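Data block below; observations after.
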Amino acid sequence: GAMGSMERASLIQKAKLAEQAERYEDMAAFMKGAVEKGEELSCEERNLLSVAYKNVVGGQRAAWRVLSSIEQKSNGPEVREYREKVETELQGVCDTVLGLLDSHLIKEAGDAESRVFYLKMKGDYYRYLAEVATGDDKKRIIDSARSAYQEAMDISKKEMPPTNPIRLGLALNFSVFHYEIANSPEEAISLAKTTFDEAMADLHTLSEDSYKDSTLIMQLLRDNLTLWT
Amino acid sequence: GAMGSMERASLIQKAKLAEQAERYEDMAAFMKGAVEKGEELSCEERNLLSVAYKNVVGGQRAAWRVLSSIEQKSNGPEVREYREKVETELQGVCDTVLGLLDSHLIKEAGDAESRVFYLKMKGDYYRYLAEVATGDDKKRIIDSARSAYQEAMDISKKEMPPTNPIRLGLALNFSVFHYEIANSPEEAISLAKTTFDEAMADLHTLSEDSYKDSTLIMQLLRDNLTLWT
Amino acid sequence: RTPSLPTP
Amino acid sequence: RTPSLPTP
Ligand SMILES: *Cc1ccc(S(=O)(=O)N2C[C@H](O)Cc3ccccc32)cc1Br
Ligand SMILES: *Cc1ccc(S(=O)(=O)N2C[C@H](O)Cc3ccccc32)cc1Br
C-alpha cells in the first residue's frame with residue numbers, strides 16, 4: 001500500500017473527507033491503509049471501513065447485474081468480455097476485504113462488538129462472491145459465507161441484547177443470504193420473524209436514541225418479510 | 001492506451017455498455033481508445049465521448065468543491081493535501097481531453113457540426129481548469145477558454161440555425177463562462193437573452209422532435225437568466 | 001433482489 | 001454556482 005508513509009490519524013481523517021466528497025474508492029484505499037498499520041479499529045473506524053467498501057462493491061454489483069442482464073437478453077463477445085472484467089474487479093475487491101479481515105482484524109478482535117462486526121463482514125463479502133460464482137466453487141463460497149455468518153450469530157446470541165443494531169443487521173443480512181443465495185426461503189423468513197419479535201420484546205429497555213436505531217433496522221426486517229410472504 | 005489491441009467497433013460498443021452500467025471511468029477509457037484509432041467520430045460517438053468525460057470531471061469538480069469549502073471553513077494539513085490530490089487528478093483529466101481535441105480531433109473536423117462541438121468542449125475543459133487555477137496562470141487559462149468558445153460561436157453563427165442544440169448548448173456554457181469565470185455578468189446576460197430570442201423566432205421551422213430538443217435548452221437559458229436577474 | 005442492510 | 005449544460 002502507498003499509504004505506508006502516511007500517519008494512521010491522517011488516513012482516518014482523509015477517509016472522513018473522502019466520504020464527504022463521495023469519493024468511496026479513495027475512502028476504501030485510506031481505510032485499507034489504516035488497517036494495515038496493524039492497530040485494532042475503534043467503533044467509528046470499523047464503520048468507515050464498512051461504508052467505504054460497501055459503496056465500492058455496491059457500484060460493482062449494480063454494474064455487474066446490468067451487464068449480466070444484457071448478456072442474458074442477448075442469449076458479439078463484448079458484453080461477456082466486459083461483464084467478466086467487472087466481475088474480476090468485484091472479486092478483487094472482495095478478496096481485498098477478506099484479506100484484511102483474515103490478516104489480522106478477526107483474530108485480534110476480542111470483544112463481541114468487534115468480532116461479530118468483522119465476522120458479519122466476512123459473510124457479506126463471501127455472499128458477494130457467491131452472487132457471481134458458478135458451479136462447485138460456488139458451493140464452497142456459499143459454505144464460507146454461512147460459516148462466517150453462523151459464528152457471528154452464535155456470538156451475538158451469547159453476548160449482545162436482541163436490540164443491538166449489529167446483531168440486527170447481521171440477522172437481516174444472514175436472512176438475505178438464506179433467501180437469495182442458499183435457496184432456503186423458509187429459513188430466511190423464520191430468522192427475520194424471530195429476530196424482529198425478540199427485538200420488539202426488548203424495545204422497552206432502550207433510550208430514545210437506541211430505540212430509533214433498533215426500530216430503523218427492525219423496519220428493514222419487516223419490509224423483507226412483507227416482500228417474502 | 002491499453003485499448004490499442006481492441007477493435008474500434010468493440011471499444012464503441014463497450015462504451016455504450018459502460019454508460020448503461022454507470023461506469024463512466026471505463027466509458028471514458030473506452031472512448032479515449034476509440035479516438036486514438038485516428039478515425040473521425042460520428043455524431044453519436046462525439047456524444048459518447050462528451051457524456052463519459054463530463055461525468056468523470058463532474059464527480060471530480062463536486063469533490064473539489066466540497067473539500068475546498070471545508071478547507072475555507074477551517075481557514076492540520078490533510079484537507080489541503082487531499083484537495084490538491086483531487087485537483088491534480090481533475091487537471092489530468094482536463095489535460096487528457098484537451099490532448100485528444102488537439103491531437104487531431106479539432107484539426108480533422110471539417111464540418112461545422114463537428115468543429116463547433118469540439119471547440120465547445122475545448123472551452124468547457126479550459127473552463128474547468130480555470131475553476132481551480134490561481135493567479136496569472138489563471139489569466140492564460142481563461143483566455144484559452146474564451147478563444148476556444150469565441151471561435152465556436154463565430155462558426156455556429158455562420159453555419160448553424162439559431163435553434164441548433166449545439167449552438168444553444170455552446171451559448172449556454174459560454175454564458176456560464178462569462179458569469180462565473182470572467183466576471184462579466186452583463187455579457188453573460190446579454191448572450192443568454194440574445195440566444196434565447198433568436199431561437200424562439202426560429203422555432204416555427206422545426207419538427208416536433210427538433211422543437212422538443214431546442215426548447216429543452218432554451219429553458220436552461222431562461223432558468224439562468226432568472227437566477228442572474 | 002431483496003434489500004440487505006443499506007450503507008448510510 | 002450556475003448550471004451549465006447537463007449531461008443526460
Ligand atoms: C452491519 C451493521 C449493523 C449496524 C451498524 S450501526 O453502526 O449500528 N448503524 C447505525 C444505526 O444504528 C443504523 C445503521 C444503518 C445502516 C448502517 C449502519 C447503521 C453498522 C453496520 Br456496518
Ligand atoms: C454541448 C452539447 C449540445 C447539444 C448536444 S445534443 O446532442 O443536441 N443533445 C440532445 C438534446 O438536443 C439535448 C441535450 C441535452 C444535454 C446533452 C446533450 C443534448 C450535446 C452536447 Br455535448
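Just remember, in the C-alpha cells the first chain shown is A, the second B, etc., residues are 1-based per chain, and ligands are 1-based in the order shown.
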- Message: Residues within 9 Å of residue 2 of chain B, please, as an MDAnalysis selection string. Count only C-alpha atoms; anything in the same chain fewer than 3 positions from it doesn't count.
- Response: chainID B and resid 5:6 33
Please produce a file of the residues just selected, as an mmCIF file, in the first residue's frame, where the atoms kept are N, CA, C and O atoms.
```
data_model
loop_
_atom_site.group_PDB
_atom_site.id
_atom_site.type_symbol
_atom_site.label_atom_id
_atom_site.label_comp_id
_atom_site.auth_asym_id
_atom_site.auth_seq_id
_atom_site.Cartn_x
_atom_site.Cartn_y
_atom_site.Cartn_z
ATOM 1 N N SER B 5 -5.073 -2.763 -28.598
ATOM 2 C CA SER B 5 -5.320 -4.090 -29.142
ATOM 3 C C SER B 5 -6.798 -4.437 -29.356
ATOM 4 O O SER B 5 -7.118 -5.483 -29.918
ATOM 5 N N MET B 6 -7.703 -3.551 -28.932
ATOM 6 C CA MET B 6 -9.125 -3.777 -29.119
ATOM 7 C C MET B 6 -9.670 -3.038 -30.345
ATOM 8 O O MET B 6 -9.301 -1.893 -30.597
ATOM 9 N N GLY B 33 -9.685 5.360 -26.159
ATOM 10 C CA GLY B 33 -9.194 4.315 -27.045
ATOM 11 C C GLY B 33 -9.713 4.474 -28.469
ATOM 12 O O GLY B 33 -8.957 4.365 -29.431
#
```
- Selection as a PyMOL selection string: residues within 12 Å of ligand 2 by only C-alpha atoms and all ligand atoms: (chain B and resi 42-55+113-124+149+152+156+163-174+209-220) or (chain D and resi 3-8)
- At most 6 Å to chain B: residues in chain A, only C-alpha atoms, as JSON, numbers by chain: {"A": [21, 63, 66]}
- Message: Which residues are near residue 1 of chain D? Cut-off 10 Å, only C-alpha atoms, ignore same chain within fewer than 5 positions. Put them as a PyMOL selection string.
- Response: chain B and resi 176+179-180
- Could you give me, as a VMD selection string, each residue of segment 16-153 of chain B that DSSP assigns to alpha helix (DSSP H) when run on this structure's backbone? chain B and resid 16 to 20 24 to 36 43 to 73 78 to 100 106 to 108 112 to 132 136 to 153
- Message: Can you measure atom CA of residue 157 of chain A to atom CA of residue 39 of chain A for me? One decimal in Å is fine.
- Response: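 Separation of atom CA of residue 157 of chain A and atom CA of residue 39 of chain A: 27.1 Å.
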- With a distance cut-off of 12 Å and only C-alpha atoms, select the neighbouring residues of residue 186 of chain B, excluding the residue or stretch itself and same-chain residues fewer than 3 positions from it, and output the selection as number ranges by chain. B: 175-180, 182-183, 189-193, 225, 228-229
Could you turn the residues from that selection into a file that holds N, CA and C atoms, as an mmCIF file, in the first residue's frame?
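The result, written out as selection-v3.cif:
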```cif
data_model
loop_
_atom_site.group_PDB
_atom_site.id
_atom_site.type_symbol
_atom_site.label_atom_id
_atom_site.label_comp_id
_atom_site.auth_asym_id
_atom_site.auth_seq_id
_atom_site.Cartn_x
_atom_site.Cartn_y
_atom_site.Cartn_z
ATOM 1 N N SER B 175 -21.986 31.514 -21.797
ATOM 2 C CA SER B 175 -22.607 32.496 -20.934
ATOM 3 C C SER B 175 -22.210 32.187 -19.496
ATOM 4 N N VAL B 176 -22.214 30.898 -19.123
ATOM 5 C CA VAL B 176 -21.802 30.491 -17.788
ATOM 6 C C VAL B 176 -20.367 30.947 -17.556
ATOM 7 N N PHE B 177 -19.511 30.752 -18.567
ATOM 8 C CA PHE B 177 -18.129 31.200 -18.513
ATOM 9 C C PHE B 177 -18.023 32.684 -18.172
ATOM 10 N N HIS B 178 -18.816 33.514 -18.872
ATOM 11 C CA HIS B 178 -18.807 34.948 -18.645
ATOM 12 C C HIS B 178 -19.229 35.251 -17.213
ATOM 13 N N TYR B 179 -20.261 34.543 -16.746
ATOM 14 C CA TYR B 179 -20.818 34.836 -15.438
ATOM 15 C C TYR B 179 -19.883 34.375 -14.318
ATOM 16 N N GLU B 180 -19.355 33.158 -14.425
ATOM 17 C CA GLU B 180 -18.705 32.532 -13.285
ATOM 18 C C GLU B 180 -17.186 32.627 -13.276
ATOM 19 N N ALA B 182 -15.257 34.807 -15.925
ATOM 20 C CA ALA B 182 -14.705 36.027 -16.496
ATOM 21 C C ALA B 182 -15.146 37.280 -15.757
ATOM 22 N N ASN B 183 -15.985 37.136 -14.730
ATOM 23 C CA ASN B 183 -16.512 38.296 -14.023
ATOM 24 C C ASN B 183 -17.133 39.341 -14.957
ATOM 25 N N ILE B 189 -25.506 37.786 -19.415
ATOM 26 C CA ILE B 189 -26.929 38.023 -19.551
ATOM 27 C C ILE B 189 -27.295 38.353 -21.001
ATOM 28 N N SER B 190 -26.566 39.286 -21.611
ATOM 29 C CA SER B 190 -26.810 39.675 -22.990
ATOM 30 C C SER B 190 -26.809 38.489 -23.960
ATOM 31 N N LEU B 191 -25.791 37.635 -23.832
ATOM 32 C CA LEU B 191 -25.652 36.455 -24.660
ATOM 33 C C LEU B 191 -26.805 35.470 -24.463
ATOM 34 N N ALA B 192 -27.159 35.191 -23.204
ATOM 35 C CA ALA B 192 -28.270 34.291 -22.928
ATOM 36 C C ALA B 192 -29.582 34.824 -23.503
ATOM 37 N N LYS B 193 -29.859 36.131 -23.310
ATOM 38 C CA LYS B 193 -31.070 36.770 -23.815
ATOM 39 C C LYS B 193 -31.147 36.723 -25.340
ATOM 40 N N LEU B 225 -31.016 33.052 -16.702
ATOM 41 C CA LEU B 225 -31.401 34.454 -16.726
ATOM 42 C C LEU B 225 -32.232 34.841 -15.502
ATOM 43 N N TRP B 228 -29.933 35.110 -12.639
ATOM 44 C CA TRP B 228 -28.967 36.190 -12.772
ATOM 45 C C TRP B 228 -29.570 37.589 -12.729
ATOM 46 N N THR B 229 -30.899 37.679 -12.853
ATOM 47 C CA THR B 229 -31.574 38.962 -12.926
ATOM 48 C C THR B 229 -32.700 38.989 -11.903
#
```
